[PDB]
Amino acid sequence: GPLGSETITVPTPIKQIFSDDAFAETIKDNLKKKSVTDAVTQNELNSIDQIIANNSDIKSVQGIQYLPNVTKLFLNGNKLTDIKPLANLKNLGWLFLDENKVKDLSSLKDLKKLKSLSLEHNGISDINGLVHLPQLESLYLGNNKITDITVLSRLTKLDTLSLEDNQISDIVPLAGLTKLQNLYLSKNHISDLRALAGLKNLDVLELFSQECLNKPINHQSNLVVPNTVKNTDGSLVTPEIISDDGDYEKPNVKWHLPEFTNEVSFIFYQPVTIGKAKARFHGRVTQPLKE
């Protein structure tokens, strides 16, 4: 059963258990109490299945350890950083923590019933701790600082994955995730779709607004940039529109460059069909120039 350290044996005022008054108030509401000064029993705490507390200025969930049966936690738009108090919530199934600053993800390591996790807009770069959640079904990681998604190769139960608005170029870790149905990858740095070829169960796929930044090359009148953009079959994607009246002579994008232009670009576009999913693979390759 629960740890004695995580159980109350006497009626205890809410405010003494939940150190952050915002979270204490949340519990008071959940339990329909008049005030955080009111006592609660463990039986009352055990009855909490779901906490909805978005946009509540919560800085700490200290005390939540006393809620062994909580399965759903909606905590979007708060001021959380540390999620250690969640560690032993073995029944947690849904955890929404968008718009916080949660980075220490190994506190989730023993949440083996967690099926849906949302951590959008947390400033996260390191998702390695997610390796301990192989049962995950939905994962939302939009608007973060992620580059390395290596660990996602272990999340073979995901059917929904959002990685939009990160800094990802290497999507090879996704290649074996054939259970995927909804995959959101817009606003990354993706130029090569080979990784997606086998995702036969996709229904929704977003691949637009990629930004691909090349290392600077020398400014010269006859400028050449090799096209590196690849479709799911490995073939080059012909540029859509090339800046500065440039042209494409496969495989090279070419410009007759003016002295006063110091960066060129091209937009690429490829319609993608993978199983039922139809997607716009779209982006821009930017080529800064140096003297």
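The first residue of the sequence shown is number 1, and the count goes up from there. Each form is matched to the other, and the largest set of C-alpha atoms that superpose within 1.5 Å is called the rigid core.
Taking the rigid core as the alignment reference, the C-alpha atoms of 215-223 lie farther on average from the displayed form in 5 other deposited structures of this protein than those of the other stretch among 179-187 and 215-223. The stretch that strays farther, by root mean square C-alpha distance over structures and residues in 5 other deposited structures of this protein after a rigid core fit, is 67-75, when 67-75 is set against 125-133.
Where the other entries of this protein model the residues before and after it, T41 is kept in all of them rather than dropped from a third.
Modelled in this chain, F260 is nonetheless absent from a third or more of the other compared entries whose models extend past it on both sides.
For the two regions 205-213 and 104-112, the entry's Cα B-factors average higher over 104-112.
Stretches compared: 218-226, 261-269. Higher mean C-alpha B-factor in the entry: 218-226. Of the candidates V172, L130, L97, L185, the PDB record gives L130 the highest C-alpha temperature factor. Out of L161, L136, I146, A195, the entry records its largest CA B-factor for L136. Compared with the other modelled residues of the chain, the Cα B-factor recorded for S235 ranks in the highest third.
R280: CA B factor in the middle third of modelled residues in this chain (values from the PDB entry). Residue-level temperature factors show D82 in the highest third of its chain, judged at the C-alpha atom. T71: CA B factor lies in the middle third for its chain, per the PDB record.
Ranked within its chain, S153 lands in the lowest third, by CA B factor from the PDB record.
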